[PDB]
């Protein structure tokens, strides 16, 4: 069998994404019904930069599949330093049944996935957050039913990992995705072109705009995320003034469809990209969205393991 990896959202075809999302719903209802890692078989969960939320979700999810997550945190000689990345993929492929990796540049994920003989999953990277978007789509489906034809709008930094993954994973689900972002903060051209091509296969569409009010009008789902990652705090930019018109506040939510829901990859900086009234009001799905990381990541693992 070809070893399948999940490094970016378009790694799943539209039909394959639907299978994973269906499995996520079944695992949410019966969370110990699938035990492909019974033994326990090991899964490596590797952090180039620590992420407590990602670790909790994967550590527990892997255990509920029967397995044992072996967590390697950032303070451990760093992948690439004491050994080549390819030496590491070679030995890890003897110990564990899958490799879950939080890292920085996409080229590192690609390099690992080209030599590892077990599935590699991008837990979170600078360019994509594919597992969060699987959880997002699971949450939207719980609240709204069929994903096909929904209109989703993302606000804020249009070139961070969530904007890119909502583009790719959203159009893979048949969702019309709009990114509202100020000039200079637009999606990467390669990602935008991949999303446009993928949207052709599903009947979806990609829109990029600097008009937040237009992006909010008629939306079924409004999404935002922090305006600045930890790496960007030293980039020299004023990263507040450009984004203030894109704040997801009560006024912006009122422009959307009356049944609209709100998503946000946690943590939120309340008062910046989103307000308290929105975060804790009735349209917020952020808490279900956080919980669903567990189920969507378990489903992705079950799916990749049985294909590999």
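We call the rigid core whatever largest set of C-alpha positions still superposes within 1.5 Å between the two forms. Numbering follows the first chain given and starts at 1.
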| query | finding |
| --- | --- |
| Of 78 to 86 and 184 to 192, which departs more from this form in 8 other deposited structures of this protein by CA RMS after core fitting | 78 to 86 |
| RMS CA shift, core-fitted in 8 other deposited structures of this protein, bigger for 257 to 265 or for 50 to 58 | 50 to 58 |
| Third-or-more of other entries without residue 235 | yes |
| Given 259 to 267 and 60 to 68, the range whose Cα B-factors average higher in the PDB entry | 259 to 267 |
| Of 232 to 240 and 160 to 168, the stretch whose C-alpha atoms average the higher B-factor in the entry | 232 to 240 |
| 132, 224, 200, 103, ranked by C-alpha B-factor: the highest one | 200 |
| Candidate set 178, 125, 139, 74 [ranked by C-alpha B-factor, highest] | 74 |
| Ranked against its chain, the third holding the CA B-factor of residue 212 | highest |
| Chain-relative CA temperature factor third for residue 245 | middle |
| Chain thirds of CA B-factor: placement of residue 182 | middle |
| Third of the chain's Cα B-factor distribution that residue 39 belongs to, per the entry | middle |
| Residue 49 by Cα B-factor - lowest, middle or highest third of the modelled chain | highest |
